[PDB]
Amino acid sequence: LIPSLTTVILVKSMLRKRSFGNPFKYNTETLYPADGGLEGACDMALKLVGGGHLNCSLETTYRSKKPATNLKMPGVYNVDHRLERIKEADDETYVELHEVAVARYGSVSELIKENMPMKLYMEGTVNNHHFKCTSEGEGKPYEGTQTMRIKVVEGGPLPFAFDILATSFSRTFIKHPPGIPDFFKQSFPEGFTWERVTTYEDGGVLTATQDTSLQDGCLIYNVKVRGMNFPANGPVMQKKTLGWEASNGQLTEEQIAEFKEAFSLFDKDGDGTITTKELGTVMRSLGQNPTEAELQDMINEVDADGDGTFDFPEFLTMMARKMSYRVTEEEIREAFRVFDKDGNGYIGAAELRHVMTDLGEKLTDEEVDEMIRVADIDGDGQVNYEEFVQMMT
Ligand SMILES: [Ca+2]
Ligand SMILES: [Ca+2]
Ligand SMILES: [Ca+2]
Ligand SMILES: [Ca+2]
């Protein structure tokens, strides 16, 4: 099968982020410097039973315990997060959470190693109900991954969804690329604090304070949570939540900006309308050689109003449908074929550079190699189907 239009945008996106990861399945925090700390802003969407979402906004403040003079402040940047549930008890009193966190758009603490363990003590109140959780875990602070095994030890089973505590469970594990100073790793040995206010649509408000420190090679998290004004018959207090959407509900401006460039690639005459001819050059530049009818089938997926072409608003809408949906098994196979131009089953550095050029993206040779090495588990220097699929999941 001829790679689909969305597959092409996927691959383009994977390259923009220099990662064989799924680039769509993330939720974005923006970090701004501010009086020698950082301010974090984020929007998140809790899935309800019966469809629909509960939106909240998070405003976090991050302060370092180290003096101002020993810290290289970053610019403004974003962290992309993907929080997942690997295990649970029915009652949500044992919860194993996995997170992936990557800086976008670094520092090396001698104290922060490639595998770090962590331990957390959480105490708090949600609509005056008292509880306690403990956890232990580990991760790879430079690769951006971590696992936390959580227990509720008092106040359980909780009379509210566990979901509202998820973001209160690890900032040292954010992968920061070389260009971005990592305020979190630089804070040690002393560590850092945060205070967060999450405000929900329906008026529930969850505040939390957190101390991070480092005791003899293990990170120690100490967190205080005060949740209030959650509607007593709402989906939080009645446990009618199905987890956090690993996305944003509407497209951000920077998503619209990103996708406008991906559109420009196709729009060779810049008249705002894409034809089979213009899709044709792009498809052929990726090694396909499709017929007019096949190119038309591809435009038919995008062309709502039936006039044979598509414009930018229809293109955008298709990307929104894909952001609210998910990347499929077929799309992953198609994406691999595209990367693997010579069909030998191995994605090499040279292929990445040809494909990169076909899709109007530019990576340095350090970026090209890091993108491979990260996926490359057998160490032969290339990416095979199995390695690719692991990364994409
Ligand atoms: Ca055009
Ligand atoms: Ca149209
Ligand atoms: Ca190859
Ligand atoms: Ca390999």
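Ideal geometry is used to build each Cβ from the backbone, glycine not excepted, and the neighbour counts take in all protein chains shown. What follows is calculated from the coordinates using simple rules that are stated; it is not laboratory data.
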Would you please state the base-10 log of I(q)/I(0) at q = 0.16, 0.17 1/Å for segment 1-94, with intensities from the Debye formula using one equal scatterer on every alpha carbon? -0.98, -1.03
For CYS218, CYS42, what's the fewest-to-most ordering of other Cβ within 10 Å of each Cβ? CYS218, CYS42
What's the exposure ranking of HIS176, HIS129, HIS81, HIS98, going from fewest to most Cβ atoms within 10 Å? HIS129, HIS98, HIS81, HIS176
Give the whole-number value, in cubic angstrom per residue, of the convex hull volume spanned by the C-alpha atoms of segment 1-246. 139 Å³
Computed P(r) (all Cα pairs; segment 49-170; 10 Å bins; percent): 10, 34, 36, 17, 3, 0
For segment 156-240, with the dipole built from +1 on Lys and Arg beta-carbon atoms and -1 on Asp and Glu ones, taken about the Cα centre, which of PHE192, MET237, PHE173 lies farthest toward the positive end? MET237
With each run of n ≥ 4 DSSP H residues scored as -39500 (n - 2.57), what mean residue ellipticity at 222 nm is computed for the chain after dividing by its residue count and rounding to the nearest 500 deg cm²/dmol? -7500 deg cm²/dmol
Spelling out what I want: for every residue of segment 258-265, take phi, set θ = phi - 60°, compute 6.51 cos²θ - 1.76 cosθ + 1.60 (Karplus), and round to whole Hz; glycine and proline get x. 3, 6, 4, 5, 4, 5, 4, 2
Hand me the tally of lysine pairs in segment 1-90: alpha carbons under 28 angstrom apart, and the pair either on different chains or 8 or more positions apart. 7
Amide H to amide H under 5 Å from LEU242: which residues, 5+ apart in sequence or cross-chain, H placed 1.01 Å off N in plane? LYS47, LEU48, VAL49
Kirkwood hydrodynamic radius (C-alpha pairs) into Stokes-Einstein, segment 217-314, 10 °C and 1.306 mPa s, D in µm²/s: 88 µm²/s
To the nearest 20 debye, the chain has a Cα-centred charge dipole, built from +1 on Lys and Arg Cβ and -1 on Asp and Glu Cβ, of 1460 debye
Using C-alpha positions alone, give me the convex hull volume of segment 247-393 per residue in cubic angstrom. 131 Å³
Quote the charge dipole size of segment 305-373 about the Cα centre in Debye, to the nearest 20; the model charges only the Cβ of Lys and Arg (+1) and of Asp and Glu (-1). 200 debye
As I understand it, the dipole of the chain uses +1 on the Cβ of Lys and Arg and -1 on the Cβ of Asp and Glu, about the Cα centre. Which of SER247, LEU111, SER213 lies farthest toward its positive end? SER213
For segment 156-215, one quarter of the surface area of the C-alpha convex hull, expressed in nm², comes to 6.2 nm²
Can you list the HN-Hα couplings for segment 70-84, worked out from phi with the Karplus curve (6.51, -1.76, 1.60; θ = phi - 60°), rounded to whole Hz and with x for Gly and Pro? 8, 10, 8, 6, x, x, 6, 7, 10, 10, 9, 10, 9, 9, 10
Rh (Kirkwood, all Cα-Cα pairs) for segment 272-319, Å, reads 10.9 Å
Approximate shape of segment 136-181 as ellipsoid semi-axes (Cα gyration tensor, √5λ), whole Å, largest first: 29, 12, 6
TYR385/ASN128 FRET efficiency (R0 56 Å; Cβ-Cβ; nearest 0.05): 0.60
Of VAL8, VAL327, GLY379, farthest towards positive along the dipole that unit charges on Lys, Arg, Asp, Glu beta carbons give the chain: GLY379
